[PDB]
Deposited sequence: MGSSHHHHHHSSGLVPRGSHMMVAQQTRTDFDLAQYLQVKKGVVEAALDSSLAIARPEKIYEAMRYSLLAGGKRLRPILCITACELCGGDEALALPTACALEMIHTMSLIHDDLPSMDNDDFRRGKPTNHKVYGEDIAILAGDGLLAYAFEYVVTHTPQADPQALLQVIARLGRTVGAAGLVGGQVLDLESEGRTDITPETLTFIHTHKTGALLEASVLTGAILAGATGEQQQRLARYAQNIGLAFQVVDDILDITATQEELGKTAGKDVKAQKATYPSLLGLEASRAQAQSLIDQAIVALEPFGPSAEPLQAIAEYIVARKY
């Protein structure tokens, strides 16, 4: 094969990642916590975040071997956030991607604990499996991951989302504020941890952060568009802006994400193709 095909590029990275994730949890005593963690971690899905991490690392002159442990850690973090999000105390989903939810399968106590275990393991895994990284770079990755997950990132976003339920004062700005924390921080971490591992400059990181923020929002706008075209109220992009402006804003976010990476040269084409996919 001589030409770039996104579907096949992703297929190959998804396989490498799902093999690494499988490897990463050898069942030990107590077997149940490993069964519960494996249930959610190996449940499949797009594996976008690890793939973004590997992709951004390669973009910046790193390789898959350097990025794969961080890539896994990002998926462990993503999975923990899903396990916790599904809980009766939160969304109370009985199903996820056509499969029953962790707490329905093992109980709420085990689900809460499998989430905690995956978050812990993320940090252990990055350090124990990346001895070839520059130590100052790995520590910057650890700092970034801790910042991404907590009050200033993902957990901050979950609280901002809870605070939005049954309110009549949500604006496009406050909805964007929710999404930039809830999902944007982890997408940004996914491309910036890859770049940081490869030794990327502050200037290169700022472009990747713009890309990541814009693809994150674009995903959430398109999602809202698909919802409205297909529990207290919650305002969405189309409910606040109308469908015409929602659609133009999604296109414009994807355009700015693609332009943001143009100065990396053709090495950026895979990340640009991921952005285009969101609006195809």
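- In this entry, the deposited residues absent from the coordinate set span 1-27, 258-270, 321-323.
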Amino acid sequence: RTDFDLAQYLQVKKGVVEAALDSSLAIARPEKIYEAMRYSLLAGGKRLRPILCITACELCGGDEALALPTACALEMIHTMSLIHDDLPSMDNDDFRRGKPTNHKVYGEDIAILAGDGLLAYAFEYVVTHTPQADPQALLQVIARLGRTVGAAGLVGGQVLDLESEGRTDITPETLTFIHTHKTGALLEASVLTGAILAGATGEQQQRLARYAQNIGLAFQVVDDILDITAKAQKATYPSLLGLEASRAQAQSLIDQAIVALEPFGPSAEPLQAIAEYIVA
From here on, numbers count along this sequence of modelled residues.
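- Comparing 9-17 with 259-267, the higher mean C-alpha B-factor in the PDB entry belongs to 9-17.
- The mean Cα B-factor in the deposited entry runs higher for 24-32 than for the other of 24-32 and 248-256.
- Among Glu124, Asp161, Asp116, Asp134, the highest C-alpha B-factor recorded in the PDB entry belongs to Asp134.
- Looking only at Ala230, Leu217, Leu243, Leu240, the residue with the top Cα B factor in the deposited structure is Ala230.
- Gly98: CA B factor lies in the highest third for its chain, per the PDB record.
- When the modelled residues of the chain are ordered by their C-alpha B factor, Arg38 lands in the middle third.
- For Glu75, the recorded CA temperature factor ranks within the lowest third of the chain's modelled residues.
- The PDB entry assigns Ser89 a C-alpha temperature factor belonging to the highest third of its chain's modelled residues.
- In the deposited entry, the Cα temperature factor of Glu165 places it in the highest third of its chain's modelled residues.
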